[PDB]
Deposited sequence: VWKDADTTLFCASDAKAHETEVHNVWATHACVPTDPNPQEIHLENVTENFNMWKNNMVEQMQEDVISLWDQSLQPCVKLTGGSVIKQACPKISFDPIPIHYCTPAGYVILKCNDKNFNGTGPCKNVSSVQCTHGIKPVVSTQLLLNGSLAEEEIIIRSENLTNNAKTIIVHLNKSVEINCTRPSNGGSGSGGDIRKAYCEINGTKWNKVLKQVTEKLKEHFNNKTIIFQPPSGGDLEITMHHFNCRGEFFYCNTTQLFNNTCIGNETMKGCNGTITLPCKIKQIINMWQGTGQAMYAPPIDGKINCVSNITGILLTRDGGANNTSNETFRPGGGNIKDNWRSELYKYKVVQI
């Protein structure tokens, strides 16, 4: 019938030609229109193995978003190895749109429909499709935004070849809103989050981590250090690069005590000088646009790392993670794999 295979996919989207927004422009020139009536075929009685940590669709998605950003962003200066490149830097229109990934003739995409599938191993409920669901290429660290939710339980995704894992992806079954604003100094911003809603979800995440890690006490602590892009919740809002301090989000005492309810206000900064997530160096952008800058997003997942080097009798320590944007694509492509007919 079929075998595991890799091939060059193509992309589809609902992008609009009249729009100056850069994802639309890229998609208009790089993708075809979506299928109005997509087809899904259940594979009666098939058990298939998946491995989200060995999925060439992830590399392919990465190539796309790199190409997208490299065509779309206009930094004033680019510092890339050994060079300094200067260019015009007009402000752009920026808001990610869903992209579907589709297989060419002779191939199909298998999809895992098990509700508590963790991304690796056997799947009992399998269907075949021509295209993935629409996936927004949101680039962020620590918190996964505007993505999909787990259908049933909270899910912990991690490769299990070793206890020395890299990223641990938490997939939430309930989204939590994050309201980030630069009011109308000019680079000071803040993110507002409903504290009672967040601490409820984070307590559930904690109990799932406990379940996963031999029932030990779960402790959060801040990021070890390194680039601001990973020590902070980093993301792009309306073209502007935001850096938000999340220490208040990972507050162990709020799992009852006082002051844990009500609005959580994270301090944020807009930065012109960034380390490129593409890993190629640094870029400088122009000062923030005037007016009220605002992005409201779903938190749909959390990127974590687990401290490996300290004695653990009764506890495990986790820190917010991210920076490798392939983990972002993994959080959405985990249920898919390409096979050849």
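* Stretches with no C-alpha atoms in the model, relative to the deposited sequence starting at 1 -> Missing C-alpha atoms (numbering from 1) occur across the ranges 185-192, 264-266.
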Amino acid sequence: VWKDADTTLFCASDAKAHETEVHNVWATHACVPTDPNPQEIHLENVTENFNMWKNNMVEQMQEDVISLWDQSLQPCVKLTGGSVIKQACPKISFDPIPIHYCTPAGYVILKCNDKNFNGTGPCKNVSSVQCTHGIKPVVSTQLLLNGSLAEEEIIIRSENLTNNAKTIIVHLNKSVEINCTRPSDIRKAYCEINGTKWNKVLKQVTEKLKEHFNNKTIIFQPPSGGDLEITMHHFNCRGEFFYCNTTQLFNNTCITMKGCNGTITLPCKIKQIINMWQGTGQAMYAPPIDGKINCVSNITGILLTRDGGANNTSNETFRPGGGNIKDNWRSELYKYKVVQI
From here on, numbers count along this sequence of modelled residues.
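* Which is higher in the entry, the mean Cα B factor of 144-152 or that of 257-265? -> Looking at the record's C-alpha B-factors, the answer is 257-265.
* Asked: In the PDB record, does 229-237 or 212-220 carry the higher mean Cα temperature factor?
  -> Result of the comparison: 212-220.
* **Residue with maximal Cα B-factor (values as given in the PDB entry) among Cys112, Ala165, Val139, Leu79** => Among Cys112, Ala165, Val139, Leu79, the PDB entry lists the largest C-alpha B-factor for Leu79.
* To do: Could you say which of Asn160, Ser72, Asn245, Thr103 has its CA atom at the highest B factor, as listed in the PDB entry?
  => When the deposited C-alpha B-factors of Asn160, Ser72, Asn245, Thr103 are compared, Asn160 is largest.
* **Position of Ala27 among the chain's modelled residues by C-alpha B-factor, lowest, middle or highest third** => Its C-alpha B-factor, which the entry lists for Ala27, ranks in the lowest third among residues of this chain.
* To do: Comparing against every modelled residue in the chain, figure out the third that the C-alpha B-factor of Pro33 lands in (lowest, middle or highest).
  => Middle third - that is where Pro33 ends up once the chain's C-alpha B-factors are sorted.
* Asked: If you rank every modelled residue in this chain by C-alpha B factor, which third holds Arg306: lowest, middle or highest?
  -> Lowest third of the chain for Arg306's C-alpha B-factor.
* Please rank the C-alpha B-factors of the chain's modelled residues and tell me whether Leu43 sits in the lowest, middle or highest third. => CA B-factor rank for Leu43: highest third.
* By the record's CA B-factor, is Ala17 among the lowest, middle or highest third of residues in the chain? -> It falls in the top third of the chain.
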